[PDB]
Protein chains: 2
Amino acid sequence: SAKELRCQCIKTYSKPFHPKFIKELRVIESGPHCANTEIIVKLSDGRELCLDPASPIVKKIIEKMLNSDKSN
Amino acid sequence: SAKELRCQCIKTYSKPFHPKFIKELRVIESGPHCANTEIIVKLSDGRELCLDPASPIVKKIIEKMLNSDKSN
């Protein structure tokens with residue numbers, strides 16, 4: 001009975017780990033909405049899902065869109 | 001009749017473009033071999049393939065493995 005799940009996820013693929021051994025680093029960097037807009041990965045041959053470990057980086061890449069429009 | 005194609009690719013997904021509008025940024029960052037070890041992406045709703053636009057960055061992420069072992 002917790003708040004309705006969010007769009008995709010807010011944490012790592014599912015678990016934290018060394019993202020260095022990631023075979024596929026996927027990043028949901030779509031426009032501004034809710035579907036894709038965070039980080040993602042494919043942990044070597046063990047874990048593979050989205051990615052959002054308290055890393056606002058990717059939020060800054062999506063954030064630059066708005067900020068780009070904030071030139072007037 | 002050109003040199004046998006390489007492993008996956010050496011350039012972008014297929015074409016260059018603003019990687020900013022990429023919906024999925026995938027990165028083949030596997031160990032050291034030849035399969036996956038470069039950058040990759042999913043250009044918004046238009047282009048989606050690997051990624052290696054003269055960007056050695058990703059090569060530096062894979063390179064840190066060796067260099068990590070070069071501590072002795």
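Read the figures in this text as sums done on the coordinates, not as results from a lab. FYI the Cβ positions are ideal-geometry reconstructions off the backbone, even for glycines, and counts take in every protein chain you see.
Things to note:
- The local environment of A:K59, defined by Cβ-Cβ distances under 12 Å, has a net charge of -2 under the rule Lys, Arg +1 and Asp, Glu -1.
- When you filter the chymotrypsin sites (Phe, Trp or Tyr not before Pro) in chain B for DSSP loop state and at most 16 other Cβ atoms inside 10 Å of their Cβ, you are left with B:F17.
- For the protein assembly as shown, the square roots of the Cα gyration tensor eigenvalues, ordered a ≥ b ≥ c, give a/c of at least 1.5 with a/b no greater than b/c, which places it in the oblate category.
- With Cα atoms, 0 to 90° folded angle of helix A:57-69 axis to chain A main axis: 20 degrees
- For chain A: rounded, prolate or oblate by the Cα gyration tensor [a/c cutoff 1.5]: oblate
- Low-density loop positions, trypsin sites (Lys or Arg not before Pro), chain B - DSSP coil, at most 10 other Cβ in 10 Å: B:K3, B:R6, B:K70
- Cα-based reach from B:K70 at 19 Å (exclusive), listing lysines while leaving out same-chain residues under 8 positions away: A:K20, B:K59, B:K60
- Cleavage-rule hits (GluC sites (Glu not before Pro)) in chain B: DSSP loop, at most 11 neighbouring Cβ within 10 angstrom: B:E4
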